[PDB]
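Worksheet: one structure, shown below.
Here the Cβ is made from the backbone with ideal geometry for all residues, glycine too, and neighbour counts use every protein chain on show. Laboratory data are not the source of any read-out in this text; all were calculated from the coordinates shown.
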Amino acid sequence: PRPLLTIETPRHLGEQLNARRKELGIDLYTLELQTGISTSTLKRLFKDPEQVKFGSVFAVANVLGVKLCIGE
Amino acid sequence: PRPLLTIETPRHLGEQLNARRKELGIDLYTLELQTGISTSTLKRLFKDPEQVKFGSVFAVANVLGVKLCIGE
Amino acid sequence: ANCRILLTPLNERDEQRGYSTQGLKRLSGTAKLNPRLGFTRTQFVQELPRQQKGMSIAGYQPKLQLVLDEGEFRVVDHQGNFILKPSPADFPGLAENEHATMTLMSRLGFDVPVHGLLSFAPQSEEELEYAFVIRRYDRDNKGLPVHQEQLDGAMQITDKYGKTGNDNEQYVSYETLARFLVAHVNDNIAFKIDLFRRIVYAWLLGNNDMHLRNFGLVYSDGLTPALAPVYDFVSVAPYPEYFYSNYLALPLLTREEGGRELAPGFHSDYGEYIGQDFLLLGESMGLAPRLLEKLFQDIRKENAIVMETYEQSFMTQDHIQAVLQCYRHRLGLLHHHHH
Amino acid sequence: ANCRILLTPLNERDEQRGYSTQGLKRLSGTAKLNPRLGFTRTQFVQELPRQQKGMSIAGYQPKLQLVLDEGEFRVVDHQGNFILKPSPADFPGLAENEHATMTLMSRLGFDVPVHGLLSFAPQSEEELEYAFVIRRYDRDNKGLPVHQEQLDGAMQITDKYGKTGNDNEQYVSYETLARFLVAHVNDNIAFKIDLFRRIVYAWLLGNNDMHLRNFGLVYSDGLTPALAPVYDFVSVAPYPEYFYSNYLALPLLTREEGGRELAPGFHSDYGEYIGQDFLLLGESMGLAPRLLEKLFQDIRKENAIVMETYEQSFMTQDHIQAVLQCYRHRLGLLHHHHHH
Amino acid sequence: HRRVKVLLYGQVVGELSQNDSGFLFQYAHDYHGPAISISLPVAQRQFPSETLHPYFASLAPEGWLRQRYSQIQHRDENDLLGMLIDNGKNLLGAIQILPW
Amino acid sequence: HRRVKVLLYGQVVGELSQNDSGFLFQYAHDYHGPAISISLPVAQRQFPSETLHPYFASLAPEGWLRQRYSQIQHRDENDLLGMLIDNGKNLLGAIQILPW
C-alpha cells in the first residue's frame, strides 16, 4: 500500500520527480506557468536540485501529486 | 514499524528539524563546523527554508539523523 | 466517403464497405469485424410506451448488452463487454449525435473508450438503421472486471442533479464535485486540467446532462482510484425544449447552491455563464492565472477540430447547424475574463 | 570535606554524615537513604585462589547484587536493581578509583548511571571499608527490565580483545567498532562526537581495558538501538605493570589489525599514539576537520575539571598523582598534529 | 423483512439487512480487504441507516431499463433491495448482490 | 545432549539444542517479534553452528563470577551451556534460558 522511497541524494529526488512528470505527461512550459519557476531552472531541478531552493523543489512535488515525509 | 510525519510546508520541516537539534543537544556552532553552512543561514533554515538551497536542508537533516522519504 | 467509426476519409478500396480497416481494428482489434449486425431491431429492442415524462432525453434511450464472439456481435442477458445504444423512437438521430460528439472528445485529447456506429439488419428493403456502440471500461485485458462506482453514491447524494431538498433547487455544484474528487484521487495538475477541460466543453458543446451519475471512479488497483473516462456525452442543442431548460446540469460555482447567490456572469449584461465564471472555478481547483489563460487560448485554437468533426459527421445538417451555433456563441463568451 | 557520592563540598548540616542530601537524592531518589548498609564485608564475600596471574585488573573484582528496601539496601541472589563492587583484596582502593573516574566522566557530559560509595559495617572497630555501588541500566521505571546486548556477541567476535586468529594478534579495531555501531544505531553527530570522546578520554585517563564487552546496545524503544552508558571505567595508571602492557585495549585504526601496519604516531619520534592518530579516527567516522580541531580545544580547557575531581577524590594520594601524570603527558601528545 | 449477501471480486464481503427500523450493512469481522465504496470504509464495520445507503441505491437501473423490468417484475413499489436482487448478477463493476 | 528453551521479555521465544555434531538455536513458528540479537535475526529461523553461537558464549560470566562455580562443580574446561543454565535467571537484559 505504501511505496515509500528513501531519498539518498538530492539528485535522486530530481530524477525521481522527472519520471513522474513524464509519466503524467506534463511539460516544462505547463509547470512554468503554474509554479512560476523558469523553464531553465525546472530542467536543473530534474538533474541535481542541490543548488535550487527548497521551496521550488517542494512546489514541483505538490504539483506532481508526490508527498514528502520525514522519519528516522 | 517506523513513525512518519508528512511535511506540509517548508516551515513545517524547518521547525521540526530545530526540535530534533534541541532534543539531541546540538549547538549552532557545532553544526556550522561539520556542515559548513553559516550560522546566519542556519537561523533562517529553522524558520522558513523556502529560500534556502535544498542541498543545505538535506545536509542538515542527515546530520540530525533525519531521513527524507517521498511517496504519493 | 467517411468512416462510421473514426470519421476519417475512406479509401477507394474501403469506400463501399463504409468502414476503414484501422477503425475496425480500434474497436474489435481485428480487421475481420462484421459491423453489419445480423439481428433486426424488433428482435430485441422492444418499443415501450411513453414514460410519465419529466425525465431527460437519455432516460428514453434503450440499451443492449453485446459480446464479441469471433468477428460478429452478439446479444447476452448479462455481463458483456460492449453496449449498444439505439436511437430513441421519439428522438431519431441521437446515435449519430453521440458518435460525433464522442469522436470529437477523443480527438481533443480526452480519455474516451472505443466507440463506433453499427447497422441493424433490414427487414424488407428499407434504409439501414444505425446504432451507437461502446466498449465497457469496467473490463480488463481479458475482460476481467474492474471495480467502479458512480459519484452520486460515493458523495452520499440521493439525487443525480443535487435536488436533495424540499425545493427543486440544486444543492450540489461542479465546484464542490471537484473538491471531493481532489481529496480521494491524486492531486496532480494533469487530473485538474483534464477535469476543468471536461466541464468547459460540456458547456461549449451544449451538454446540460453531466449529472453526478455521469462521473465515475475506477479502482485500477494501486489502491488509489482515478477519474473514469468520458461517457454519455451527447449535445442537447438540436432539441430546443430540452436545451433552454438549463445551461449546465449542475450549478458551476458553489455560491449558486440552493439559490443562495448568483454567478457574476448572471449579473453582467450577458446574463449567462461567461469566461469569468469558469475562471473562478479554475482558481478554486488551484489552477494559476497564467495557466488558466493559456488553457483558454488552447481551447480557442481547437475550433477547427470542433467544426470539422461535426461537419464530417453523419448527423442531419439541421442538427449540425444547431450544435455549431451553440458552440460559436458560447465560445466568444469565454473572453469576458480579467487576466 | 567532600561527599561520598558527588565529591562536592559539604555544608555544616551534611558534614557529619559525610553524604550530601543532593547525592542521596541522586542515587535512591529519597533523602532518607542510609548509606551505612551494615552487612560486614566478611558476610557476603568468598575468597579463593587466583585464576591466572595477569587476568586483567578487573577480573578479580567481586560483584554483589543489591536491592533497596525502605531506604536500606539488601542482598538478592538474582535480578536486583543495584550492583556492589568491593575493592579486590590484592588491589585495595579500586572502588575509590572507579568512583572518582566515573564521577569525572559524569561531570564531562557523558551518560554515566547513578553511582556512589557505601560503607561496610565495622567488625572490631576498624576503619570503615568503602565499596562502589552503581545502578543497573537494564531496568526502567519501577525496575522493569530493558533488553541489552554486548558488542562482542553482536559483532560475532569470539574474543573480547579481537585475538581471533591463528597467531596472537588483534584483528578488531576501534575504527571498525565505530563503523559497526554507526550502521545499527542512529547516525547523528551527537552519537559520533560522544563515541569519539569516549575513546580519547579512555586513552587520556589510562584505561587500557575498554574491550568489546565494555560496550553495549540497549533496545529501549524496540527496534532502533542506542549506545549503552559508560560502565566499568577504571584507571590502570596506578599499576605500572598492568598499565605498560598496552596503550589501549584495542588497536585505534583498522590499519593496525593483525600487525599488518602501524599508526603514524608509532613511526614518529614519540613512538606512541599521538594526536594525528586520533585525528584520523575522527575523519574515519565522518567528523569534519574544523569540528575535530574545536573538539580538541574543548578537551584542553577541560583539564581543570580532571585535576580538581581527582584531587577531591578519596583515592590514595599516591594513586592520584599517578593518574594525573599519565593525563598531563598524553594530553600534550594531542598537539602533535600541526594542522589548522 | 429480507437479508442479502454483498459480493466483491467473487468473494462474500458483507451482509445487507432490512428490518422494520431500517437498513444495516456490516462488513465481515474477518474481512480486511478492499472497500466496496469510499462511502463505506472498511475501518468502520457498522453502517446503520433508516434509508437505503446511497451506494446501493445508485446500483439500481434507471430509465428504459427500469421501465422494461417494472412491467414484468412489478414487485412491491420501493422494495429497494428487492429490486437489487433481480439485477444482482448484472451489476456494473466487480460487485454482485446475491440472496442469502 | 541438552534441551533448553529461550525466553525473551518473559515469554518463551526460542529453542537451544546441543546435538552430537553441534549447536542449533531455532526460533518457534508464530514468533514474528523482536530478535534476541542482531547476530540472530528473527527473519532467518535456522542457526546451525558447530561452536556455541557467539551471543550465548558472551552471555556467560567470567573471572570472579565464574570462579564461584569453578570451585563448586569445577566449571573449568566444562560445557558453557551448563554455566548458562546456572545463571539463566541471572542473565543481564530481558533474556532468560530455562530447560524444557
Whichever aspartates and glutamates have a C-alpha closer than 13 Å to that of D:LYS85, once near sequence neighbours (fewer than 8 apart) are set aside: D:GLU96, D:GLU98, D:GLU129, D:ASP232
Those trypsin sites (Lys or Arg not before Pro) in region A:1-65 that DSSP places in a loop and that have at most 14 other beta carbons within 10 Å: A:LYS47
Spin-label zone in region C:220-252 - amide nitrogen under 19 Å from a point set 7 Å from the Cα of C:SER268 along the C-beta vector: C:247-248, C:251-252
Chain B: C-alpha pair distances exceeding 18 Å, %: 33 percent
For region F:27-37, 3J(HN,Hα) per residue [Karplus equation, 6.51 cos²θ - 1.76 cosθ + 1.60, θ = phi - 60°, Hz, x = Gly/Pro]: 6, 6, 10, 9, 8, 10, x, x, 8, 6, 7
Partner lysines for F:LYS5 [C-alpha distance under 30 Å; skip if fewer than 8 residues away on the same chain]: D:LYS63, D:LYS142, D:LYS160, F:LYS89
Gyration tensor (alpha-carbon) shape descriptor, region D:65-145, a/c threshold 1.5: oblate
Fewest-first sequence of B:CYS69, C:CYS3 by Cβ atoms within 10 Å of each Cβ: B:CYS69, C:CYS3
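Could you tell me which trypsin sites (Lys or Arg not before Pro) in region D:1-52 are loop residues by DSSP with no more than 16 other beta carbons within 10 angstrom of their beta carbon? Intermediate results must be reported in sequence, preceding the final value.
Numbers: sites: D:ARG4, D:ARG13, D:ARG17, D:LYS25, D:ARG26, D:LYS32, D:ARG36, D:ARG41, D:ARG50; in loops: D:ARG4, D:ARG13, D:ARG17, D:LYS32, D:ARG50.
Sparse-neighbourhood loop trypsin sites (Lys or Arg not before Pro): D:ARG13, D:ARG17, D:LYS32, D:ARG50.
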Cα pair distances of region C:148-335 binned at 10 Å [whole percent]: 8, 34, 38, 18, 1
Inter-site label distance for C:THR21 and D:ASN141 at 7 Å from Cα along Cβ, in nm: 8.1 nm
Pairwise FRET efficiency - A:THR39 versus C:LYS63, Cβ, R0 = 45 Å, nearest 0.05: 0.40
Rounded tilt (10° steps) of C:174-184 against the dominant C-alpha axis of chain C: 80 degrees
log₁₀ of I(q)/I(0) at q = 0.09, 0.16 Å⁻¹ - chain C, Debye sum with one point per alpha carbon: -0.51, -1.59
For region F:2-99, alpha-carbon Rg relative to the globular expectation (2.2 N^0.38 Å, N residues): 1.08
Separation of alpha-carbon centers, region D:1-80 and region C:267-339, rounded to whole Å: 89 Å
Eligible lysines near B:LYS43 by straight Cα distance, threshold 25 Å, same-chain separation 8 or greater: A:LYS53, B:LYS22, B:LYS53, B:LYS67, D:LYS192, D:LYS294
Net dipole in debye of chain E [+1 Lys, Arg Cβ; -1 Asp, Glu Cβ; about Cα centre; nearest 20]: 260 debye
C-alpha long axis of helix C:289-301 to longest principal axis of chain C, angle in °: 40 degrees
Sorted by Cβ neighbour density within 10 Å, fewest at the top, the residues E:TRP100, E:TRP64: E:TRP100, E:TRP64
Rounded to 5, the percent of DSSP beta bridges in region C:12-135 classed as antiparallel: 90 percent
Other-chain or far-sequence residues with amide H under 5 Å of F:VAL13's (modelled H): F:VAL6, F:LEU7, F:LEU8
Mean separation of Cα contacts under 8 Å, 6 or more apart, over the residue count of chain D: relative contact order %: 16 percent
Where GluC sites (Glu not before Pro) fall in DSSP loop in chain E, at most 16 other Cβ within 10 Å: E:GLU50, E:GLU62, E:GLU77
Relative contact order (percent, whole number), region D:109-157, Cα cutoff 8 Å, 6+ residue spacing: 27 percent
Magnitude of the charge dipole, chain C, Cβ model with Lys/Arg +1 and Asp/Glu -1, debye to 20: 640 debye
Relative contact order, percent, region C:12-135 [alpha-carbon distance under 8 Å, six or more residues apart]: 25 percent
Pairwise label distance in nanometres, D:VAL75 with C:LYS53, each label 7 Å out on the Cα-Cβ vector: 10.8 nm
Phi to ³J(HN,Hα) by Karplus 6.51 cos²θ - 1.76 cosθ + 1.60 over region C:221-232, Hz, x for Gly, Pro: 6, x, 6, 5, x, 9, 5, 6, x, 6, 9, 6
Size of electric dipole in region C:148-335: Cβ of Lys, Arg +1 and of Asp, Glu -1, about Cα centre, debye, nearest 20: 380 debye
Region C:118-194-region D:83-162 distance, computed between alpha-carbon centres (Å): 75 Å
Backbone HN-Hα couplings from phi across region D:204-220 [Karplus 6.51/-1.76/1.60, Hz, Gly and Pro as x]: 4, 9, x, 9, 9, 9, 8, 6, 5, 7, 8, 10, x, 10, 9, 9, 6
Tail fraction, Cα-Cα pairs, the protein assembly as shown, threshold 43 Å, whole percent: 57 percent
Two-site FRET efficiency, B:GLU8 against D:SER124, from Cβ-Cβ distance with R₀ of 51 Å, rounded to 0.05: 0.10
